[PDB]
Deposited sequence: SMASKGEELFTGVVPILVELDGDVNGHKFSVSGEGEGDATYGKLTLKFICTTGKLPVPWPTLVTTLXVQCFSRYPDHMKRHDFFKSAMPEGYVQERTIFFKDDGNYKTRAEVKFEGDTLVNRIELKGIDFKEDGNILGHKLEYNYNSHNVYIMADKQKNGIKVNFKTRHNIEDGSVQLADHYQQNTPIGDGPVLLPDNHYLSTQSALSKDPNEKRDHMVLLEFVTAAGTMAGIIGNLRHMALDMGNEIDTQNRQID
């Protein structure tokens, strides 16, 4: 697709989020760059309104899957890039086990030479003394799979996954995601076969930053689709060769 061409080198990114969780308002900005050829993302986010009323890890997924690396044999399955430059709408509900839920709407598209993700988030039903409003999540992040399927009717995809957030007492807080992505243009797009994105994230800090913030690096790859038959042949050969 012609969208692929837009992700050939290093591409700048902007992110804007406006949120409200149980009545607490906040805004987050981010900037950085994506490098789809290597599946790599580098971003820094700032709460422009003071202290973040939720933990940074609960926002990682909300805060551009167009920067995933699709191997050459899977280029026909990359919906995210095919909808560029006009972009796509990304919608989610995220359910935090035994606690509240977020609901988000975002538009992801090129604005000039920059890929921009603008989001509106709303959380309700959180416990004040829970893991989220009580800031009991550890500042770290686990690796997950993101399962993607075509939604032929809406000419997009439906996406589902679960994230696991380490809690400070050693237990785990689950977050259940339901996700729809729809193109903004009426041009045609690539509807993939079933697959997933293998995602790894690392959270850190900018040593010079005084404001409440998150530095995030992410590496993502597409997988799970069948290759050419030569792939199964090679793979079987390697296996037969072992121990012998």
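Q: Going from the first residue of the deposited sequence to the last, where are the unmodelled runs?
A: No coordinates exist for the deposited residues in 1 to 3, 67, 249 to 256, so these stretches are absent from the model.
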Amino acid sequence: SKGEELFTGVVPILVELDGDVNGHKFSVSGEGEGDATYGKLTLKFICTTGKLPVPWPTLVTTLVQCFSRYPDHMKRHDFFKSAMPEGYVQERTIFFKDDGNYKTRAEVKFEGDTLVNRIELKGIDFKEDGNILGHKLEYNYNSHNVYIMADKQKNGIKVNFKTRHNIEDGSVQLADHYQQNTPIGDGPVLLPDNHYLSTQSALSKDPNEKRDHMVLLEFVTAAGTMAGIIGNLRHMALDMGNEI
From here on, numbers count along this sequence of modelled residues.
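Q: Mean C-alpha B-factor higher for 130 to 138, or for 149 to 157?
A: The entry gives the higher C-alpha B-factor average to 149 to 157.
Q: Quick check on the record: does 208 to 216 or 54 to 62 carry the larger mean Cα temperature factor?
A: The deposited B-factors put 208 to 216 ahead on the C-alpha mean.
Q: Taking the values exactly as deposited, rank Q173 by C-alpha B-factor within its chain and report the matching third: lowest, middle or highest.
A: For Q173, whose C-alpha B-factor we compare with every modelled residue in the chain, the answer is the highest third.
Q: What third of its chain's C-alpha B-factors does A83 belong to: lowest, middle or highest?
A: For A83, whose C-alpha B-factor we compare with every modelled residue in the chain, the answer is the highest third.
Q: Among the chain's modelled residues, which third holds the C-alpha B-factor of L190?
A: It belongs to the middle third of the chain when residues are ordered by C-alpha B-factor.
Q: With respect to C-alpha B-factor, does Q180 fall in the lowest, middle or highest third of the chain as deposited?
A: Ranked within chain, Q180 CA B lands in the middle tercile.
Q: Test of reading the entry: by CA B factor among the chain's modelled residues, which third contains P12?
A: For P12, whose C-alpha B-factor we compare with every modelled residue in the chain, the answer is the lowest third.
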